[PDB]
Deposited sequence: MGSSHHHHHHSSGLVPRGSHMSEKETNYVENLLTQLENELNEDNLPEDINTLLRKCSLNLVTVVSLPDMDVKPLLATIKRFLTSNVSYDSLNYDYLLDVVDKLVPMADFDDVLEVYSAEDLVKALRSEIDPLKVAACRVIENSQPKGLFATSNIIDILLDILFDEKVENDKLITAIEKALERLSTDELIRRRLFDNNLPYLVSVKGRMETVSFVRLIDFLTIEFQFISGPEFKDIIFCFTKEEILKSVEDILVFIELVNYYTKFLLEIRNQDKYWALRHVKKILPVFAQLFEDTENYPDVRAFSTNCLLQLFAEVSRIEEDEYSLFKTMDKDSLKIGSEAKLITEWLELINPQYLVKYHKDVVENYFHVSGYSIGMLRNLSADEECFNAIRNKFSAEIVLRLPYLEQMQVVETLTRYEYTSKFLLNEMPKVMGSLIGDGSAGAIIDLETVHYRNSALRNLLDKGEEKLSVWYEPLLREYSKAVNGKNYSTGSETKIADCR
């Protein structure tokens, strides 16, 4: 490690780029850290800082960069020194060390400053906060001590700081438990949503936050959060319908809202009471012809089959274009039974091999779709097995889908595949072993 002592002495009498590298690999480092400090209290040097801080005993780091220093650095006019302080703070041990100072407060002050244009500083602060937010004392400093501030930034709805706040909440929600959840910061009232409409970028951002919020509730299994967010969901739908008073919503925000309604149709709730009401009063799936394809690609297929079976029956036909609809509509048995009569081996076999495989890979995903494939479209299975030139297929998508179809079927087991087991295994073997 004599390579680091050289750097320590070539500052007192390319190279940094090399230390930066020779450090991704792995005595007393204070002296070296002290110097980088002096230089900062006056770009590439930062990558060196971000490497050496983690690998050191934080007590050591804390001797050079004291709480008082960090504070001073953050209050300075020197961006690089601010980034460096962020790296130091990010590596706090224990993570709750600075939770009793105003360090977090200042991190937030800089974070929500519209005047800050340095995207590198913003992410550094966001990484610091993410890292430390596993600690409960850091969450207390954030959501208790700084709640009034966060809520005021929330109320600004000023473009630059609003985007940052939304990122902040999404990041933070990962670490929030039921008892710590505070509506006033994570949720928006009806009145705030109507207000965000005046600047459609803010509203669009708010729509995406909610989509992601519901997505995260579903992924993290935080269903206790639903009772807090679902009360304003009908508002997004009413605005989507109200083109007379709120034309900017359909005009600029149709797609982001469609994604939201996709999530709403999937919330763990008392049998679509919420979505059924939103659909009945506002969305009216089926009434606007230009939206039908999208509704059939996005909305819960079980909902679609119970409340809009006529649409599903009439509108869906097999083609390269309806593969989006196919992936969605077939993920519920009952909804699949509503499109079953639109398939035949002949209809599928007319498609170019790429789409055949996309269709087939889709049908191999579930028990009931596979059964139908084996029992009703064996000639399509024959096209899947092939003539003996599939190993010569150059298109990456085609190979990807075929292989995935082969895999999906094999995952079903020998007993359920009958006479197809051996040929499937054989074809899969040739695909992944090169033959």
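Going by the record, the unmodelled stretches of the deposited sequence, in order, are 1 to 30, 44 to 50, 64 to 68, 85 to 93, 487 to 500.
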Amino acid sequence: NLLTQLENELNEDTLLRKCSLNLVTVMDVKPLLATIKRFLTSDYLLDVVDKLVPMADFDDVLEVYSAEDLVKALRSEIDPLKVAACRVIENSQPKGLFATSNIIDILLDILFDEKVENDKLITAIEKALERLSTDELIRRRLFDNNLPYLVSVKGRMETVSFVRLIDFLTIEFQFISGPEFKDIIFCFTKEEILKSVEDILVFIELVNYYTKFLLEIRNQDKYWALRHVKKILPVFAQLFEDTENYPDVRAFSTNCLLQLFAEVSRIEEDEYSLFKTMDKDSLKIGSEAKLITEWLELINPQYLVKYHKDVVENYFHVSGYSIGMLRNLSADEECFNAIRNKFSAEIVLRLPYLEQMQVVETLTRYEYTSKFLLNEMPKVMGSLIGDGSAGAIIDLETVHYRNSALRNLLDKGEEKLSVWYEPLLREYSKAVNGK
From here on, numbers count along this sequence of modelled residues.
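Compared with other PDB entries of the same protein, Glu63 is present in all of those that resolve the residues around it, none of them, let alone a third, dropping it. At least a third of the other compared entries skip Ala390 while keeping the residues on either side. Look at the C-alpha B-factors of 179 to 187 and of 114 to 122. On average they run higher in 114 to 122. Look at the C-alpha B-factors of 64 to 72 and of 402 to 410. On average they run higher in 64 to 72.
Among the modelled residues of its chain, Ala251 has a C-alpha B-factor that falls in the middle third, as given in the PDB entry.
In the PDB entry, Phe372 places in the lowest third of its chain by CA B-factor. Ranked by C-alpha B-factor against the other modelled residues of its chain, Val419 falls in the middle third. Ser287: CA B factor in the middle third of modelled residues in this chain (values from the PDB entry). When the CA B factors of the chain's modelled residues are split into thirds, the value for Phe143 lands in the middle one.
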